[PDB]
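Everything on this sheet refers to the single structure shown next.
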Amino acid sequence: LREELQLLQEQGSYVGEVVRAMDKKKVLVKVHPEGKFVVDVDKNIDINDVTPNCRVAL
Amino acid sequence: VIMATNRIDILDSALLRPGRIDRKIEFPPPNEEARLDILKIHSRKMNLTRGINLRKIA
Amino acid sequence: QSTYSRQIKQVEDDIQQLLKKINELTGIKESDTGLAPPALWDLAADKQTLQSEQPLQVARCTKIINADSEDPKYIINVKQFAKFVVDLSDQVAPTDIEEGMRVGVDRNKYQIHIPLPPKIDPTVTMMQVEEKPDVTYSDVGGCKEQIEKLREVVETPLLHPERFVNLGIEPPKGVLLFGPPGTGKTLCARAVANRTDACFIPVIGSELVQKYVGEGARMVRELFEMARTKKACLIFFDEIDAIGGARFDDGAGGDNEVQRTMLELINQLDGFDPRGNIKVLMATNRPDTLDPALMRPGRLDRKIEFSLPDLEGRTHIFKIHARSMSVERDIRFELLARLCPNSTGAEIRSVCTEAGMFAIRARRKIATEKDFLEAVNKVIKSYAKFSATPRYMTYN
Amino acid sequence: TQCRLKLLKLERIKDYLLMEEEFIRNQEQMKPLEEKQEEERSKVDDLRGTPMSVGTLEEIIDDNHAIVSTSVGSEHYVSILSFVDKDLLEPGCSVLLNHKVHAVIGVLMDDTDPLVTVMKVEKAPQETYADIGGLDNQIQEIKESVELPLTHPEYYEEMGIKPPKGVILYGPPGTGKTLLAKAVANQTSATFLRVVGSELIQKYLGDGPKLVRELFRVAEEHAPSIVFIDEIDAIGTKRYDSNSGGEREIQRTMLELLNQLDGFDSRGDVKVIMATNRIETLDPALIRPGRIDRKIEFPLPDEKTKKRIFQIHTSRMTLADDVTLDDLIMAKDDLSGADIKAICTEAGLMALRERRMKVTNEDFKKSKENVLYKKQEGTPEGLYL
Amino acid sequence: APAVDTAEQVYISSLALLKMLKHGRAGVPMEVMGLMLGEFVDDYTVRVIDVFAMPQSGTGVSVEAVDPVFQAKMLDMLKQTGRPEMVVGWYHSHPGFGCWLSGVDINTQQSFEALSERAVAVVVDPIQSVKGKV
């Protein structure tokens, strides 16, 4: 609980959607009302790990 | 694409076309057998009293 | 071939699956697109991040209002669609910020950093104007009288307004193009545009009418204003039976849509200020199917005749079409022209081309006289017949 | 069967070797890439600033600016600085902007239209060429008219003047007008965009002139190209309302076509292929040449042609070598492609009822007498007419 | 220089910590800044005793806010009380920017550095002082 004080702060977390994955090693996610954003591949994904029309957690 | 309709005179000739339609399935208008079957299934949930015959209704 | 098609179907399926994995996997493999010349630019780029004048936001100046108290006030519309009032540019001229002009304004301070090239005020008018090619007189059949009037009316006053002053009239505000279709009117129109060095802006009437009427009104006004900025121009309204059709309004039909768009155009024709040396050119089947209401004859000026080729008349077009083309012939231009009935120019032009397609069939590579003879007989029948509605009963 | 099989087995195996060899390259094998490119990526991502906010690059100004419209909702006049060149950016594409302060970092990615995705369907006919025989003369013509000016420039250049700009495929269905468009498109491999005519008249008004101009304009950008307009009879036939039927709707769509094909706006060596089952609905101005060029007419199948038309349908099913073709020519003739499809379907239908899972001559024969009668019956017989 | 610049682990007292959080909070989105009074011992120990603040503005941190006049003025008060404090560094609050040092904030830090070689720069988040994590 003491530690939870520190843990809760972030800049939020969303549910987005992958319109398409891209073979450029960056991935295009569109947050539901807000425009498109290109972000890099993470450790937790690459491009065989995200494929078109996948709603995702962000 | 399976189609359903109430009557055969509210259709297009294009749908009625034999080369587009693999099978054609004919239903008569409401019959006594069908009505007996529906009344019986519902009577299990309904209450009854002595001297009811579903056959006269059908 | 039923058993043979399955084998082939399976073999492709397997090879195709494997491909999906290879493509995804390879990628660009953590490379940089910029390469070596952008490295110096990265350092600049960082300085800009610190800076408040970058990034600029594009906007447009909507309206000029003075109640000045710093330096001249303008109301701009931001593209988040909040109106903000900004002030005269940090060092650039006031003569570069105008009504209907684009301006770059700061994202963080909202004052005009630099003005930008004008116009982005309508969305729709920008869409409606399309690409422009040039085709020359060589390619367009005939040197006839019907061809000659198009030049004299359009080319001469715009090229030299001096001639038109000498006579003692103004260069036409309006100009009317008429003649039935399939005669190369658009083709001729492209051809005078190059000579005159007068820019032609093509426009489609079908875009103008829309479900809710009012869009077409703002579009038409905005369109005149743009053209007005251009000097010695033509606004050529092609294929219009909206701004081109019958005068009548049903009052529950698509006819409402036509009538608003026409009505603004009448206001534009006269102008808020007159339009000496500005031509709008309008194409109609004939001037009797055009409004007596949109046609207010002094302004429209000359009506340029184009008419359906005659038997003599088609003899003339056919030499131009043939000569332009590369063809080896023995038979003559007049014979084949008389061979055709009175119908349209378009069948007779297609003969010249069809003789080339028969050459590939024939197993030549260029035409011959026999291909030519074959082309008249099929072409006259084909295009004319097997068309048109089989009713003219119960219409308005 | 056995002759094919050794090569088939080898092709699948050659492809396996190809897949497996990729894995060793990405994981272990490096020589120019090394640890070095990994670091180049990290270094570029951190300077570049993740998240990158998408923009679209409309045009580039050579002075170190570009005009970008950010996809969030409000547009920005950015600088072209940081990991890209003016020429490296390309028009009508999606670009990366630094999130903190927008300068255009660069183009990795391309932007596809929303429109094109729906329209598009893949090129290849399900009936292989030289087995859409039957009016075999006619099949050749389309290959000459749409496919050839794009495939072979030699004849055109010597011939001179304007090339073709379309074909119109018309006449009774079943003579395979769709299969033909797909063949030429397959061969050239020109982007095949496909729209049904009924999309031209929908509830909203002016959607017809709108869709058709956008479709063409998109074909010119993705050029060379084949636009297929499938079954343009609907224009008059359909109405969701009074405004959607009637003259305004019919004219606007026809008028748009005329300007688009040869008129001022023109088109490139992009061809339009039109399928229509009725040129009664279609005008003399879209049956006019030089925005259609050669028109292809299919007539009713002839007695000899009908046997070749029947073979195609039989090839999609199971291959017959026990159907008597004469009985079909004798019973009905100077009836459509659609009638030969009608004999075939009914045979399949009777076999289905037994749970017979083949068609044979017997299924064709039994069904054939009812189908001929049925053809006449399709059009009203009333009470007794 | 790598041969004499080391980081300054800051010991922040109750009087400074509370002061900074409150001042930023009320001003929002107007940003507040100031000089920090403290003492310097070690070659790395700075205790931040107390703070006073510089002019708030609606653009926030700027060059205009920083003048030697305010500082010089303060120092005269320090003599009069008989407080000894030298200037340890400077502070600011960014509700309108993140913890990253804004382009105007670096400019302001450079001037302050000329006066005290050992100078520290602090981001305060007034907004976060509302919640239970700061």
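All residue numbers given for chain C refer to Swiss-Prot; the residues shown span 38-433 in order.
When the header is checked for method, it gives electron microscopy, 15.4 Å.
Heads up, the Cβ atoms here are built off N, Cα and C, so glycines get one too.
Taken straight from Swiss-Prot:
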type	residues	note
MOD_RES	C:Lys116	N6-acetyllysine
BINDING	C:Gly216, C:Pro217, C:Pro218, C:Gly219, C:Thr220, C:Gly221, C:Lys222, C:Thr223	ATP binding site
MOD_RES	C:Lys422	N6-acetyllysine
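A map of Swiss-Prot features onto the structure.
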| residue | record | contacts (Cβ under 8 Å, 6+ apart) |
| --- | --- | --- |
| C:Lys116 | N6-acetyllysine | C:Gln94, C:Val95, C:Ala96 |
| C:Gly216 | ATP binding site | C:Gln183, C:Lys222, C:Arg323, C:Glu342, C:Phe343, C:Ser344, C:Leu345 |
| C:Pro217 | ATP binding site | C:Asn322, C:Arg323, C:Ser344, C:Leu345, C:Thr381 |
| C:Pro218 | ATP binding site | C:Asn322 |
| C:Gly219 | ATP binding site | C:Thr381, C:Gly382, C:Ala383 |
| C:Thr220 | ATP binding site | C:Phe343, C:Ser344, C:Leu345, C:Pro346, C:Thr381, C:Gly382, C:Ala383 |
| C:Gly221 | ATP binding site | C:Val177, C:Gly178, C:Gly179, C:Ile354, C:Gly382 |
| C:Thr223 | ATP binding site | C:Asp275 |
| C:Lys422 | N6-acetyllysine | none |
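A sphere of 10 angstroms centred on the C-beta of C:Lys222 (ATP binding site) encloses 23 other C-beta atoms. Excluding C:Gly216, C:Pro217, C:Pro218, C:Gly219, C:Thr220, C:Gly221, C:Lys222, C:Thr223, which define the ATP site, the same chain contributes C:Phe343, C:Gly382 within 8 Å (Cβ to the Cβ centroid), listed in sequence order.
Secondary structure at C:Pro217 (ATP binding site), taken from DSSP and collapsed to helix, strand or coil, is coil. When the C-beta distance to chain D is held to under 8 angstroms, none of the binding-site residues C:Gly216, C:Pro217, C:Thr220, C:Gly221, C:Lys222 remains.
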